[PDB]
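Quick heads-up: it's one chain on its own, the form deposited in one PDB entry, in structure tokens.
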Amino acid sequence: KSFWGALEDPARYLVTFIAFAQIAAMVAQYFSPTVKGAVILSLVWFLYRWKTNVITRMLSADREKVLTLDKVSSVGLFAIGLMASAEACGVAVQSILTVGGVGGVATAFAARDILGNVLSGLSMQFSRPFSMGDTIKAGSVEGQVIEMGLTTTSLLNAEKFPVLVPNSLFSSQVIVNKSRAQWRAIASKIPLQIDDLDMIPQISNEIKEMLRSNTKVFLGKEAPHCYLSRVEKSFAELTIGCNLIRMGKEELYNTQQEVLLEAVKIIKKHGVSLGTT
């Protein structure tokens, strides 16, 4: 019915048997082998009893999980029970133990991925690299964290599909956390159709001025830049860039578009025109 009975039946059987053997030998002397064999067989029987009542108990309340557990647990204890009494009796100890050992690391290397996922899940619960809702990018996958488990994490990628990442990928690869950034950084390239480069400096400086007198820019770490990155026949390329304050994602788009339009306005104000890549 419970653990109490599952113990008190084998315990009483074992005490009965050893008390029998004691007065079977006192009034040919293999008390130790028989007693050890009885102890081994009795608790093999006891955990069989305990296993059955446990997986009968939660079947008395996620169902195929329970018999998957039942069958896996039955195989496991069949294995150990066979090993243990083969060792208690003394018949073919090293042979059966060698078979069991090679089966064990067969299973132990075949299960390196499940174990990797579990151990990496624990390591992640220690050093939290992200939390629920953060937009992360792990190697090839990218999205919003929607579920954190022990063997897998669940993301929502750019097409708004739920992705399932095994947790052993967060220990061998870098993780980008797009939700902990304190300032953003934009950079673009504008092509110019220009032959009188004598006004590339002026334009450049003016654009930088525009980027410094613009709200939503961050002048704390790096200054806005706009330099000539390559030149060609009636062609030039300006590389613009700056840092922006911590903003949302529609405001980032609006700021990018606004900076681009103001830069093109400054460019066309000096009589220059855009080029063609």
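Here, rigid core means the biggest group of C-alpha atoms that superpose within 1.5 Å across both forms. Residue numbers here begin at 1 and follow the sequence given.
The segment from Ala61 to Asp62 is interrupted, since 4 to 9 residues of the deposited sequence in that interval carry no coordinates.
What comes next is about the form deposited in another entry, which is not displayed.
Core-superposed comparison between the shown form and the other one: the CA of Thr34 exceeds or equals a 2 Å shift. A movement of the C-alpha atom of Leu260 falling short of 2 angstroms is seen between the shown form and the other one when the two forms are aligned on their rigid core.
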